[PDB]
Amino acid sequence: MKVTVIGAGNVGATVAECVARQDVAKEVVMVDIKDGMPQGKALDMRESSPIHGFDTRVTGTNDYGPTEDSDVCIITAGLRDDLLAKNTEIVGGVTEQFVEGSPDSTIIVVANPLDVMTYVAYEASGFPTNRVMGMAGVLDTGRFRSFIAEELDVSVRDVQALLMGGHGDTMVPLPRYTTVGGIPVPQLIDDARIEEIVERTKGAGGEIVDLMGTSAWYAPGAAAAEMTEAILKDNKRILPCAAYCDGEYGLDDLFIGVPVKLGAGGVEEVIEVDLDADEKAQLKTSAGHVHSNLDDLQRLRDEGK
């Protein structure tokens, strides 16, 4: 099996290196427009291979030829209307370039705004809906779990969480569907502290930008690599991702963050969890925000932007 990562910056390179370390794929190919960068990073990773002990071949290139016949593609290239326009162009374009040579692939998008970029890639791909998804929920939940584990001083291995919706303010937290060793977290942490943690999770990306002046990559890269492993292994992970919904949660014709079953078939099922009145209202708001962005897309298209 063969994996392509589009974009060889911090996030893309992290995806590539994490997939290569798993030693499941035969090859991982980084493609990027910047001459020499994917080549240098790939060479550095290959030189690390005997030390870590993986045989996955890592390649870097500026052309799409070497990405041909890929099984999985992770799209990380990407920098309100200006951004939507700029990233739409980047994501749509690289998707077109990629799918010509890999018609049987499954695509994982990591570009903002994430739910809308997932749709942009789906449309440019010509693939069925199950073959395109976005990484967000796994990062958001990894963050939430890390904060919970820190608060309780418990192993991260025993904290599980479900989060839905979009990123940031439109992210939909589900503390009652967050557990520690099977125990719902509201039994262990009080409401005010849970709400503090929810707010930190919503702003987590910006928090890191504020500290170091650029956005995260270790956790975003790990999250996309986990989704890649599930596809390659066909192991049926249940993870929250940006996925096409047809009727679930009463949403339709929409890519948004939902729990899914992931395997060789891409998004094999969208799981429907019970949401109470307030949670439905939050999800409705988040869906409204995705539709707003979709509307802006067409307006910007109309205007030649």
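One-based numbering along the sequence shown.
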Handout entry: Gap size between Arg80 and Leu79, counted in deposited residues that the entry leaves unmodelled
Key = 4 to 9
Problem - Stretch exceeding the other in mean C-alpha B-factor - 161-169, 107-115 - result: 161-169
Handout entry: Higher-B stretch (mean Cα B-factor, as the entry records it), 25-33 or 40-48
Key = 25-33
Fill in the blank from the handout: Listed options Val270, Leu262, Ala277, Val273: highest C-alpha B factor recorded at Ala277
Exercise for the section: Ordered by C-alpha B-factor within the chain, which third holds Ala242? Give me lowest, middle or highest, please. Expected result: lowest
Completion exercise
Sorting the chain's modelled residues by C-alpha B-factor and splitting them into thirds places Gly134 in the lowest
Completion exercise
Tertile call for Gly203 (CA temperature factor, within chain, third-based) is the middle
Completion exercise
In terms of its chain's C-alpha B-factors, the third that includes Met1 is the middle
Problem - Ranked against its chain, the third holding the CA B-factor of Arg193 - result: middle
